[PDB]
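Participant:
Chains as they are written, first to last, in the entry's author numbering: chain B, 2 to 106; chain A, 4 to 106.
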């Protein structure tokens, strides 16, 4: 279902924005990061084996951005701020991916 | 059996990762590799219906979740607390003894 892919991918995008936009000292950070990683794992596990999705810009861009977020947290733990230039890049990839997503791309 | 093969590999990575000293330069890679194997195992078998009735699956799932929850809360260099690490390793042995017998 394409509508379901749009709903699920929008939710993940919102979680990335929520997690990345918290204050670096914020106490909810560890919880936010944990929820994001659970959302990311579910999204990947649901959609990565769907072959044709690799042809969607929305999928490639979200998959790449989630990997950028995941790689940072698995290296440094949940309260390490993502480097500012990567954070900017990730949030920009979220915007480009969401613009494709809601056009059915 | 594919499930036995995959679960043995995960057990082995848990044992390898938990046994490393905190000075080991491979710890970061080892935790990452374990996280990846753990994700692939759960994604592959949590969907399978029959397996939640298997002791090996429940015990592995539980122990991977204990490993996961620790490393999502701390960096890869933070050791799992000693008493939990020992319990995890013991559940690995229990799970493997059931796994090898088809349970």
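We treat Cβ as the ideally placed atom computed from N, Cα and C, and that holds for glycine.
(1) What residues of chain B sit near residue 87 of chain A, judged by a beta carbon separation below 7 Å?
(2) Starting from the C-beta of residue 67 of chain A, find all residues in its chain whose C-beta is less than 6 Å away, skip the five residues before and the five after it, and write them out in chain order.
(3) Counting only Cβ pairs nearer than 9 Å, list the residues of chain A close to residue 35 of chain B.
(4) Along the chain, where does the alpha helix (DSSP H) containing residue 59 of chain A start, and where does it finish?
(5) Use the C-beta contact count for residue 2 of chain A: other C-beta atoms within 10 angstroms, 16 or more gives buried, fewer gives exposed.
(6) Keeping to the same chain, check which residues put their C-beta closer than 8 Å to that of residue 88 of chain A; ignore five residues upstream and five downstream.
(7) Taking 7 Å as the limit between beta carbons, can you name the residues of its chain near residue 25 of chain A, skipping five residues before and five after?
(8) What residue does the alpha helix (DSSP H) around residue 14 of chain A start on, and which one ends it?
(9) Quick one: grab the DSSP three-state call for residue 81 of chain B.
(10) Taking residue 97 of chain B as the reference, which of B:14, B:9, B:5, B:2 has the closest Cα?
Facilitator: Well, looking at it:
(1) By Cβ distance, chain B contributes nothing, its closest Cβ being about 17 Å from residue 87 of chain A, past 7 Å.
(2) Excluding sequence neighbours, residue 67 of chain A sits near 41.
(3) Residues of chain A passing the Cβ test: 72, 75, 76.
(4) Segment 58–76, the alpha helix (DSSP H) holding residue 59 of chain A.
(5) Absent from the structure is residue 2 of chain A, since the part of chain A shown begins at 4 and ends at 106.
(6) 21, 82, listed in sequence order.
(7) If we look at residue 25 of chain A and ignore the five residues flanking it on each side, its Cβ neighbours are 80, 82.
(8) Its alpha helix (DSSP H) spans residues 5–21.
(9) Residue 81 of chain B: coil per DSSP, three-state reduction.
(10) Of the listed residues, the one whose Cα sits closest to residue 97 of chain B is B:14.
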